[PDB]
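# Summary of the model geometry
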Amino acid sequence: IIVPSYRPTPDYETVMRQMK
Amino acid sequence: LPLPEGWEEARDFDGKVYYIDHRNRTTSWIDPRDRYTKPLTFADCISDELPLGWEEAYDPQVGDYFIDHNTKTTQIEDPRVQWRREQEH
Ligand SMILES: [Cl-]
Ligand SMILES: [Cl-]
Ligand SMILES: [Cl-]
Ligand SMILES: [Cl-]
Ligand SMILES: [Cl-]
Ligand SMILES: [Cl-]
Ligand SMILES: [Cl-]
Ligand SMILES: [Cl-]
Ligand SMILES: [Mg+2]
């Protein structure tokens, strides 16, 4: 195939919420 | 130097390392300490090192490739090698 596209950092609030 | 206050190291869903700034409620792929330690450009680099904002990563289908966080792009070409062939000319 071809090179993976750029991956954005995870969203701050999403990360804080996913710790449950 | 350790992480500046308010910064926490973390791992993305596939274990890829990033950084959390709790004081500004934001995340970054780049270690804030790189802003001191990393060479500024490809001219500043020795050996196999990469300048500020560049990351080498691996993909099972394509192999190693390169991430430029400065411009939010990816490329298969080795920028250290591009820069060599450019300054040879
Ligand atoms: Cl992809
Ligand atoms: Cl969420
Ligand atoms: Cl949500
Ligand atoms: Cl601050
Ligand atoms: Cl964020
Ligand atoms: Cl970043
Ligand atoms: Cl900082
Ligand atoms: Cl350069
Ligand atoms: Mg809130």
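Along each chain, residues carry numbers from 1 upward in sequence order, and these need not match the entry's numbering; residues missing coordinates do not appear. Chain letters start at A and ligand numbers start at 1, both assigned in the order the entries are written. Where side-chain values are given, they derive from all heavy atoms of the structure, hydrogens and water being excluded. Residues with missing side-chain atoms are left out of burial classes, side-chain pairs and their counts.

Its PDB header attributes the entry to X-ray crystallography and lists the resolution as 2.4 Å.

Bringing the pairing of strand β1 (residues 7-11) of chain B into the picture now. Residue and element names in this part refer to chain B. Strands qualify as paired when DSSP identifies two bridges or more between them. Counting from the N terminus, the helices are DSSP H or I runs at least four residues long and the strands are E runs at least two residues long. Bridge analysis of β1 against strand β2 (residues 17-21) gives five bridges, and the strand direction is antiparallel. Across the sheet, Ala10 pairs through a bridge with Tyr18, a residue of β2. Count of turn residues in the β1/β2 antiparallel hairpin: five residues, of which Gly15 carries a positive phi of about 80°.

So, on to unusual backbone geometry. Residue and element names in this part refer to chain B. The phi angle at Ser47 is positive, at roughly 55°, despite the residue not being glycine. Within the element layout of this structure, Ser47 appears in the loop between α1 (34-37) and β4 (54-59). In this structure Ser47 comes out as exposed when scored by relative accessible area, which is 72%. For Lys72, which is not a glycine, the phi torsion comes out positive at approximately 55°. By the secondary structure assignment, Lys72 is in the loop between β5 (63-68) and β6 (73-75). Here's how the labels work: a residue is buried when its accessible area is under 20% of the maximum for its type, exposed when over 50%, partly exposed in between, all with a 1.4 Å probe on protein chains only. The class for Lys72 is exposed, based on a relative accessible area of 56%.

Attention now goes to the pairing of β5 of chain B. Remember that side chains alternate between the two faces of the sheet whenever the strand is regular. All names here are of chain B. Extensive coverage of β5 is indicated by the burial of five of its six residues. Examined bridge by bridge, β4 and β5 share six bridges and lie antiparallel to one another. Within β5, the position partnered with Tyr58 by the bridge is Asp64. Between β4 and β5, which pair antiparallel one after the other, the connecting turn spans three residues. Bridge count between β5 and β6: three bridges; the pairing is antiparallel. What sits directly across from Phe66, in β6, is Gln75.

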